[PDB]
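# Reading the structure
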Amino acid sequence: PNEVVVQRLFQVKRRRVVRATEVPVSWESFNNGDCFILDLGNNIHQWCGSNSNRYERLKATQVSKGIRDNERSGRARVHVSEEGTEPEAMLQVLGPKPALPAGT
Amino acid sequence: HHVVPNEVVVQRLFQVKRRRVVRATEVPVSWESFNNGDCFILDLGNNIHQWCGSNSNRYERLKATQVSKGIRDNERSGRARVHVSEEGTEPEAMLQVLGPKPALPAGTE
Ligand SMILES: [Ca+2]
Ligand SMILES: [Ca+2]
Ligand code: NA
Ligand code: NA
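Calculation criteria
- The residue numbers shown here are sequential, starting from 1 for each chain in the order of its written sequence. They can differ from the numbering used in the entry, and residues that have no coordinates are not displayed.
- Chain letters and ligand numbers both follow the written order, the letters beginning at A and the numbers at 1.
- Values reported for side chains reflect all heavy atoms of the structure, with hydrogen atoms and water molecules removed beforehand.
- Residues with missing side-chain atoms are left out of burial classes, side-chain pairs and their counts.
- Each metal's donors are the N, O and S atoms found within 2.8 Å of it, except that Na, K and Ca use a 3.2 Å limit; water is left out, so coordination can look incomplete.
- When accessible area is computed with a 1.4 Å probe and restricted to protein chains, residues below 20% of their type maximum are described as buried, those above 50% as exposed, and intermediate ones as partly exposed.
- Secondary structure elements follow DSSP: runs of H or I no shorter than four residues count as helices, runs of E no shorter than two count as strands, and numbering proceeds from the N terminus.
- Residue contacts are defined here by distance: any two heavy atoms, one from each residue, within 4.5 Å place the two residues in contact.
- In this count, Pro and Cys sit with the nonpolar residues alongside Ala, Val, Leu, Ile, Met, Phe, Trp and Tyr, while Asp, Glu, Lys and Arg are called charged and the others, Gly among them, polar.
- DSSP-based pairing: two strands are paired if at least 2 bridges between them are found.
- For a helix, the expected span equals 1.5 Å multiplied by the number of residues minus one.
- Counted as a polar contact is a pair of N or O atoms within 3.5 Å, where, for protein atoms, one must be capable of donating a hydrogen and the other of accepting one, and residues adjacent in sequence contribute only when both atoms are in side chains.
- Note on method: axes are straight lines fitted to C-alpha atoms, helices fitted across the in-contact stretch only, with angles between N-to-C directions ranging 0 to 180 degrees.

Method-wise, the PDB entry is recorded as coming from X-ray crystallography, at a reported resolution of 1.700 Å.

If you check the PDB entry, chain B appears there as Gelsolin from Homo sapiens.

The PDB entry lists chain A under the name Gelsolin, with Homo sapiens as the source organism.

Right, dumping it as structure tokens:
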């Protein structure tokens, strides 16, 4: 009998969906590969890891400004910070910052 | 009912994360299946053609390499050659199967 080849095509694609999920208020929840939003009512702290991607950064900005504008009527301030510039108000709530995992 | 109404603030933390899974799925063998934001593997038996769009990410490229080598080493017992191409360098073997290349969308939309 003759040998056959089945001609095939694979598409290799990473899922695009970017989720914002509520997680425990703790440094435990942080990793340097994503973005995080700490909502404190009058103040909203947006924190992006050094290995976060541009879709996560965009989504984080939409979520933080969305809370400020569509939930606080614009009566809230968004503070953007990163590794090493975390403001005292984050540190009061989360406590002293430890080493964070790189991702996942 | 005189009251002193004290506002409650619930402190919350949100994680913003793009899903990590890279999928590899069979699609119709056609240029109509291609886009410039993903990677593709055209499996022609003895020859496996790996093609990465200009807007693909490193995880799609790594997964395409892993799947191509899996086809080569598992399903073909090593009796196959992987050829890497990209936009503008598609070999004649790809054009023979897919026909002349049209303009491709930049991504999925
Ligand atoms: Ca991430
Ligand atoms: Ca892609
Ligand atoms: Na074969
Ligand atoms: Na080539």
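Before going further, it helps to examine the coordination of the calcium ion (ligand 1). All names here are of chain A. Binding of the calcium ion (ligand 1) to the protein goes through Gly-33 (O), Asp-34 (OD), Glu-56 (OE) and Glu-56 (OE), at separations of 2.3 to 2.7 Å. If you list the donors of the calcium ion (ligand 1) from N- to C-terminus, the spacing comes out as G-D-x21-E. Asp-34 sits in the buried class, given a relative accessible area of 1%.

Let us look at unusual backbone geometry. Even without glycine at this site, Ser73(A) takes up a positive phi of about 60°. Examined against the element boundaries, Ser73(A) turns out to sit in the loop between helix 1 (54-70) and strand 5 (77-82). A positive phi is found at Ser77(B), a non-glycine position, where the angle reads about 55°. Note that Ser77(B) resides in the loop between helix 1 (58-75) and strand 5 (81-86). Overall, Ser77(B) belongs to the exposed group, its relative accessible area being 59%.

Interfaces are often sized by the accessible area lost when the parts come together. The partner chain B presents 43 residues to the 41 residues of chain A that form the contact. Counting only elements with at least two residues in the side of chain A that touches chain B, the list comes to strand 1 (8-14), strand 2 (18-23), strand 3 (35-39) and helix 1 of chain A. Ranked by the residues each element gives to the side of chain A that touches chain B, the list is headed by strand 1 of chain A, at seven residues. Counted by class, the side of chain A that touches chain B contains 21 nonpolar, nine polar and eleven charged residues. In the sheet, strand 2 of chain A pairs with strand 1 (residues 12-18) of chain B via six bridges, with the strands oriented antiparallel. From the neighbouring strand, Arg19(A) faces strand 1 of chain B, where its bridge partner is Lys17(B).

Look at helix 1 of chain B: 25 Å from first C-alpha to last across 18 residues, which is about the 26 Å you get at 1.5 Å a residue. Those residues of helix 1 of chain B lying buried are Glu60(B), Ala64(B), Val67(B), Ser68(B), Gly70(B), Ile71(B) and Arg72(B). Buried-residue contacts for helix 1 of chain B involve strand 1 of chain A together with strand 2 (22-27), strand 3 (39-43), strand 4 (47-52) and strand 5 of chain B. The opening residue of helix 1 of chain B is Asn57(B), an N-cap whose side-chain oxygen sits 3.1 Å from the backbone nitrogen of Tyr59(B).

Attention now moves to the sheet that holds strand 5 of chain A. Strand pairing in a sheet takes place through backbone hydrogen bonds and is either antiparallel or parallel in direction. In spatial order, the strands read 2(A)-1(B)-3(A)-4(A)-5(A); together these five strands make up an open sheet with mixed pairing. If you trace the sheet from one side to the other, it starts and ends with strand 2 and strand 5 of chain A, each paired once. Averaged over all neighbouring strand pairs, the angle between strand axes comes to 20°, with direction disregarded. Sheet analysis places strand 4 (residues 43-48) of chain A next to strand 5 of chain A, joined by six bridges and oriented parallel. The partner of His45(A) across the bridge, within strand 5 of chain A, is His79(A).

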